[PDB]
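Note sheet for the following structure.
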Amino acid sequence: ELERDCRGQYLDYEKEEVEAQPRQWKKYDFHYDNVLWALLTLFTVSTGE
Amino acid sequence: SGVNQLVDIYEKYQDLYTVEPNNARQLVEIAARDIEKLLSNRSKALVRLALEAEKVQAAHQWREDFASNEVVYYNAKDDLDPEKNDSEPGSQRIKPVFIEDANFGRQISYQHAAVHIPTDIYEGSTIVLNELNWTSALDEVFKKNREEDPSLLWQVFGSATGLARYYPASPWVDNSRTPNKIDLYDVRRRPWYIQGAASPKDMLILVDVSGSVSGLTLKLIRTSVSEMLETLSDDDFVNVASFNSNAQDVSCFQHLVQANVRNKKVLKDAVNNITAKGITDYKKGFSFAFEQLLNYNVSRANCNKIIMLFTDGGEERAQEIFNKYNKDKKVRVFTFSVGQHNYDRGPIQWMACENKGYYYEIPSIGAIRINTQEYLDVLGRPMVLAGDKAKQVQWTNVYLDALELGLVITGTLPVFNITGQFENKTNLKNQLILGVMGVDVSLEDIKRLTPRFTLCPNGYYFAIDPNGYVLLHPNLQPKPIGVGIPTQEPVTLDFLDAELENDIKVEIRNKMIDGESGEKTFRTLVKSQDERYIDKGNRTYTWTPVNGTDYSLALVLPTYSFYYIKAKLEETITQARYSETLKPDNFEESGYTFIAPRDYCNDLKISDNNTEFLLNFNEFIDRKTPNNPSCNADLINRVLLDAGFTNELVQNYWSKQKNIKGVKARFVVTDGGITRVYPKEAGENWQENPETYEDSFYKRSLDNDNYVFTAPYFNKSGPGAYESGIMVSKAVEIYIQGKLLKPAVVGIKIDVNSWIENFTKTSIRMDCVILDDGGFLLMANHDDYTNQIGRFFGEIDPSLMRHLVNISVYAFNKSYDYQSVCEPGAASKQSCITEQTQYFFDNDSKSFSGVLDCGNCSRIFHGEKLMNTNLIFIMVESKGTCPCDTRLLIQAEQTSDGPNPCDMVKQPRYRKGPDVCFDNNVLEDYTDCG
Amino acid sequence: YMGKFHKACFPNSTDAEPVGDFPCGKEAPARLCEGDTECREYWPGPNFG
Amino acid sequence: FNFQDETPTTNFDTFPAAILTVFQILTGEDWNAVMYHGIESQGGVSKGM
Ligand SMILES: *[C@@H]1O[C@H](CO)[C@@H](O[C@@H]2O[C@H](CO)[C@@H](O)[C@H](O[C@@H]3O[C@H](CO)[C@@H](O)[C@H](O)[C@@H]3O)[C@H]2NC(C)=O)[C@H](O)[C@H]1NC(C)=O
Ligand SMILES: *[C@@H]1O[C@H](CO)[C@@H](O[C@@H]2O[C@H](CO)[C@@H](O[C@@H]3O[C@H](CO)[C@@H](O)[C@H](O)[C@@H]3O)[C@H](O)[C@H]2NC(C)=O)[C@H](O)[C@H]1NC(C)=O
Ligand SMILES: *[C@@H]1O[C@H](CO)[C@@H](O[C@@H]2O[C@H](CO)[C@@H](O[C@@H]3O[C@H](CO)[C@@H](O)[C@H](O)[C@@H]3O)[C@H](O)[C@H]2NC(C)=O)[C@H](O)[C@H]1NC(C)=O
Ligand SMILES: CCCCCCCCCCCCCCCC
Ligand SMILES: *[C@@H]1O[C@H](CO)[C@@H](O)[C@H](O)[C@H]1NC(C)=O
Ligand SMILES: *[C@@H]1O[C@H](CO)[C@@H](O)[C@H](O)[C@H]1NC(C)=O
Ligand SMILES: *[C@@H]1O[C@H](CO)[C@@H](O)[C@H](O)[C@H]1NC(C)=O
Ligand SMILES: *[C@@H]1O[C@H](CO)[C@@H](O)[C@H](O)[C@H]1NC(C)=O
Ligand SMILES: *[C@@H]1O[C@H](CO)[C@@H](O)[C@H](O)[C@H]1NC(C)=O
Ligand SMILES: *[C@@H]1O[C@H](CO)[C@@H](O)[C@H](O)[C@H]1NC(C)=O
Ligand SMILES: *[C@@H]1O[C@H](CO)[C@@H](O)[C@H](O)[C@H]1NC(C)=O
Ligand SMILES: *[C@@H]1O[C@H](CO)[C@@H](O)[C@H](O)[C@H]1NC(C)=O
Ligand SMILES: [Ca+2]
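Protein chains in written order, with the authors' numbering: chain R, 1317 to 1365; chain Z, 52 to 538, 554 to 831, 848 to 909, 970 to 1072; chain A, 245 to 293; chain P, 635 to 683.
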């Protein structure tokens, strides 16, 4: 839960076979980090999708 | 064959050799001293390494900025391509020059140490970068250790941060960067790290199988309990209990059982079969756990009593149960909050605080592997505070090296945090070990301290643990121990499982575990190497304790092996004359010669392709005189002397006759290494081991003072029996100065047709079968059984075989092979336990007649045992009658689950635990519950 | 549309779970299988069936 | 709703969870996924429909 910690690779246990996947500090697609991003996020909320 | 001719050859040349004694007591004492010298050399290396590691970490200053000062290291999981762009932001990566070394069998760099970092662990972190900085001193000490002892194998620093820094820089095994090859290796889960990081445990894993753990949480709990069991060694004792309003054992075990592979699999299956249902009661589960930790009627590691609570959460701190059972706090309680949930974790975290434990969260698969390493991290607190008494070298069970070297043991030593000492500072986390130092000892490093070539093929050494597991044994193979029926663990084979178990052998095993020294001559049931025959052997076990270690070395030695032939070849031209008889050009004057691929010369490389090794051996014999300290004088002298002896038989007694109607191949095999077979046309069909000490017929024929008929293999596509013959062998029994020596085994590959004719020729003066020991069909007269030559009798006609067993002309011993590769059934080839049986002449009587009461009919048979050989003639006269062929006596490696471990933990084998262990210290800071 | 969501891309005779959560059709216009997989019957369907 | 490998956040275990799930079904978004979970929680297509 920190960007410092979130580097390198981790063992993914999703495909039922372990695979090393990169550790990426990503941001959610709709994220309120701005009054313009919040506007688009709330638009998607109002449409319900 | 020429038994008497070769005997006369041997006594005719008593001036060419000296009969020396195989003093078993002296041999065992010398080999035990050699083993303790090797292990003390490795212990000294470990002490050097741990001293420097503590000294250099204690003088390390923390940093959070390694860009201004990079750490230069070789990452083991790095591609050999010169990629300058493959450097982490905070570290410079070495690109090494790799030589190929025979001692390791891989690419090895002696200039620097390599570092393993788990994929789950980022190598640019502050923790890892600080470790990579202060471990370079370990690097140069690695170099010093190797230069003071060039025979050193891997010497490694397993760090508590996840890094493993091992000296000979070698790339990681196959998982550097490879699809389908993921590196799950973590040094803190290795058996040597776990062994050296704490004292033996007494876990009771409490599993919370109530309603609230259904679905994902139960899956995580069962995987977590499996991975928790996978950190338990053979000195730890474990039980798994589950509670939901009442506690019960998950498995057939009712008490703490030893955490060996088979018991651990029982517990793992019991956990996998567990179900979630009912309400929780943390009081009736902890009552059960504490009661089971107080059960002293059973074998235990009387140390480190633990409870591992695998719950999710709840609102029950269970004060009064802990007060009643854990008041002086002799038992630690580690609590795990498994799963992704919102239940109250407060009581779970408090149980860890009030009980010297630690609290862990496992929210998903992927967090499972690390928290277990962490309870081990907690358990080492009393070991650190017991500063230098704890730094004792321990030797791991035999296991398979990760960077493949086969079977190794490894000596461990904890490394402590020494930042504040005699300059006392806060010392916050100075209660944790820095890591464990390891040094590898190959089992082939021990096998050359126990030389077997002055011994009979039936004689050998073997060492033993205090658990009874063999450090050294001819029957211990580099394969994982089979654990049941198929659907990173030690190769722990017990002594009573490597051999055939008598009761004398159990007493000897207990005496060896106790560290006593003694001797015991007795009659054994020696199973043959091909694992189809059993001999009533006559052995002398002499054992000593290997001082300074918990091992115990013994020497098995037949009564006819107390003397051996030390070749007196010093004329330098007599041995040359014997040499020219070895060259692969005279394989029609002398027989088709095989030399045993032994370590005659340091520069000979042994090969399975025996003619290649024969060429190399002849080349080395050509120019030998300047090679005084390179070639083992005794082995080459013995093989040359025996080559001369077998030449004076293949020429002076076979080449003067050159052909006999009944034979198909005449062979002589010597304990020196020569296995000449005459015709060289049937010498191609000769498929016995070039090494004479690994020949099943040779060792079989030394026990019997008869002629041993080695039945061929049925349904085996190769040289066969019709076009190769069926083997007959007798061992020469020469006498020199009244000493019985059996230095060679002459033999005959009797032709099947020349013998079937003589079998049916005298019928004028149909069912008649020839059987040897083990009930194998040498042939019949029915000409349909002779199609199945060398097959077990019970496969052919089970009724008569079972009856003959019933009269006890054939006894049998059913045993378990724990190291057999296995075709996996359904609920490539895996490893299982096979259940192998061997038949043999039970009684010394010669004639056996009776009535075979087949169902609703009757059959009459007569069995007679041919004198001076291992054969029986069964004159059974009944064919095509009513079928009592209801089943079969399949004598083979029947895949089976081994002995019921539920039953053999109630009467377990004798076992000695570690003496000194560290728990329950008062200087300990229990306030780190996490 | 009766019973047309029951053929999935199954692996080669392994009888395991199919690859992809989509129906398939060995015919021409439908969605074909790929990766040495066969489009055979007895798959519960999309959305657990 | 404690299925294997997953517990949905749109469950009816607590009152906040149930109230949010019902509110989301009223707004209509992804009510079908919650329906699939509520069917598969009572035995699957065979007996939970
Ligand atoms: C079945 O076939 C022949 C029988 O025609 C067996 O050979 C004969 O075996 C008897 C055994 O009692 C010998 O006496 C016969 O002569 C012997 O030959 C040896 C050879 O060195 C002499 O040293 C003896 O002094 C004696 O003369 C022998 N005859 C021949 C021609 O071999 C044969 O062994 C048997 N087959 C098998 C496979 O056993
Ligand atoms: C062995 O024990 C010593 C302490 O006895 C450990 O060294 C200490 O490690 C901690 C990290 O847990 C350091 O604290 C850090 O300090 C930096 C800079 O001040 C700060 O930014 C961090 O937030 C953190 O507080 C500490 O300075 C360091 N030294 C001392 C004297 O405490 C050492 O890590 C232990 N060995 C291993 C292998 O971990
Ligand atoms: C392996 O094979 C050996 C073959 O010797 C088996 O040992 C034999 O077992 C039988 C059956 O118990 C013994 O017969 C018994 O002898 C006692 C004392 O003489 C007698 O009181 C009984 O009535 C019965 O006749 C036999 O003595 C014994 N042989 C030896 C040399 O001890 C053994 O059971 C087989 N299995 C294993 C796992 O070893
Ligand atoms: C660098 C930050 C720029 C932010 C631009 C993000 C996209 C803006 C889209 C705005 C959509 C608003 C919809 C609301 C209409 C009622
Ligand atoms: C082991 O030590 C004991 C007593 O110290 C001694 O009698 C024995 O000979 C030693 N054994 C070896 C193999 O050195
Ligand atoms: C131990 O090391 C010394 C050198 O320090 C060496 O002379 C000796 O042969 C070694 N012993 C063994 C058993 O390897
Ligand atoms: C630690 O790092 C510093 C600066 O990079 C270096 O001078 C020092 O030698 C390192 N310590 C060790 C033990 O190598
Ligand atoms: C173990 O699995 C079998 C197979 O379904 C089951 O019948 C049995 O109840 C399980 N064991 C326990 C203790 O429930
Ligand atoms: C152990 O043995 C004693 C005496 O035989 C008995 O009272 C006790 O119940 C047994 N079990 C435990 C756990 O102490
Ligand atoms: C060894 O064999 C002889 C006969 O070959 C026998 O008399 C003796 O008892 C055997 N040894 C032992 C220890 O029984
Ligand atoms: C063994 O080596 C010799 C000489 O190097 C060669 O002629 C022969 O073909 C080899 N045999 C096998 C089975 O490799
Ligand atoms: C032989 O078979 C009988 C049953 O037919 C059985 O009672 C007996 O134990 C078996 N063994 C011997 C040695 O009689
Ligand atoms: Ca509960």
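Think of the CB as a built atom: it goes at the ideal place given N, C-alpha and C, for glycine as much as any other residue.
Check: residue i C-beta below 8 Å from any heavy atom of ligand 12
i, result
"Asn888(Z)", "yes"
Residue i, DSSP secondary structure in three states
i, result
"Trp609(Z)", "strand"
"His167(Z)", "strand"
"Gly678(P)", "coil"
"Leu619(Z)", "strand"
"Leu458(Z)", "strand"
"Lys194(Z)", "helix"
"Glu1335(R)", "strand"
"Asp1039(Z)", "coil"
"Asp601(Z)", "strand"
Extent of the continuous alpha helix (DSSP H) to which residue i belongs
i, result
"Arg76(Z)", "75-109"
"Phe373(Z)", "370-376"
"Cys404(Z)", "397-404"
"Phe339(Z)", "333-344"
"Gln658(P)", "649-661"
"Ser881(Z)", "880-889"
"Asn55(Z)", "54-63"
"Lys381(Z)", "Note, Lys381(Z): premise wrong, no alpha helix (DSSP H); not H, not E."
Check: residue i C-beta below 8 Å from any heavy atom of ligand 11
i, result
"residue 841(Z)", "As shown, the structure holds no coordinates for residue 841(Z); chain Z passes over it, running from 831 to 848."
"residue 934(Z)", "For chain Z, the structure lists 909 followed at once by 970, and that leaves residue 934(Z) out of the model."
"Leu670(Z)", "no"
"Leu681(Z)", "yes"
Continuous beta strand (DSSP E) stretch holding residue i: start and end
i, result
"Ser991(Z)", "989-994"
"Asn422(Z)", "Per DSSP, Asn422(Z) belongs to no beta strand (DSSP E); it is in the alpha helix (DSSP H), 419-430."
"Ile172(Z)", "Note, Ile172(Z): premise wrong, no beta strand (DSSP E); not H, not E."
"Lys316(Z)", "Note, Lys316(Z): premise wrong, no beta strand (DSSP E); alpha helix (DSSP H) at 312-323."
"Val1351(R)", "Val1351(R) -> not in any beta strand (DSSP E); alpha helix (DSSP H) instead, spanning 1351-1363."
"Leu853(Z)", "851-854"
"residue 21(Z)", "Residue 21(Z) falls outside the range modelled here, since chain Z spans only 52 to 1072, and no answer is possible."
Check: residue i C-beta below 8 Å from any heavy atom of ligand 5
i, result
"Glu582(Z)", "no"
Proximity test, residue i beta-carbon vs ligand 6 heavy atom, cut-off 8 Å
i, result
"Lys498(Z)", "no"
"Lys194(Z)", "no"
beta-carbon residue i near ligand 9 non-hydrogen atom, thresh 8 Å
i, result
"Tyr376(Z)", "no"
"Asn348(Z)", "yes"
Any non-hydrogen atom of ligand 13 closer than 8 Å to residue i Cβ
i, result
"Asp647(P)", "no"
- [ ] Pull every residue with its beta-carbon under 6 Å away from any heavy atom of ligand 4, and keep them in chain order.
- [x] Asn1350(R), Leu1352(R), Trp1353(R), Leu1355(R), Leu1356(R), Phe1359(R)
Open item on the list: Does the region 199-218 of chain Z come into contact with the region 160-179 of chain Z, if we say contact requires no fewer than three beta-carbon pairs (one atom in each stretch) closer than 8 Å?
Closed with: yes
Task: the region 981-989 of chain Z in contact with the region 1055-1065 of chain Z per 3-pair CB rule at 8 Å - done: no
- [ ] Check whether the region 472-488 of chain Z touches the region 500-518 of chain Z, taking contact to mean three or more Cβ pairs, one atom from each stretch, closer than 8 Å.
- [x] no
Open item on the list: Please output, in chain order, the residues near ligand 13 using a CB cut-off of less than 5 Å to any non-hydrogen atom of the ligand.
Closed with: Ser261(Z), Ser263(Z), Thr331(Z)
- [ ] Please list, following the chain, all residues that have a C-beta closer than 7 Å to any non-hydrogen atom of ligand 8.
- [x] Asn324(Z), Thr326(Z)
Open item on the list: Tell me which residues pass a beta-carbon proximity test against ligand 7: closer than 6 Å to any heavy atom, given in chain order.
Closed with: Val107(Z), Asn120(Z), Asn184(Z), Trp185(Z), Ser187(Z), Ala188(Z)
Open item on the list: Could you check whether the region 863-875 of chain Z touches the region 772-783 of chain Z, counting it as contact only if at least three pairs of C-beta atoms, one from each stretch, sit closer than 8 Å?
Closed with: yes
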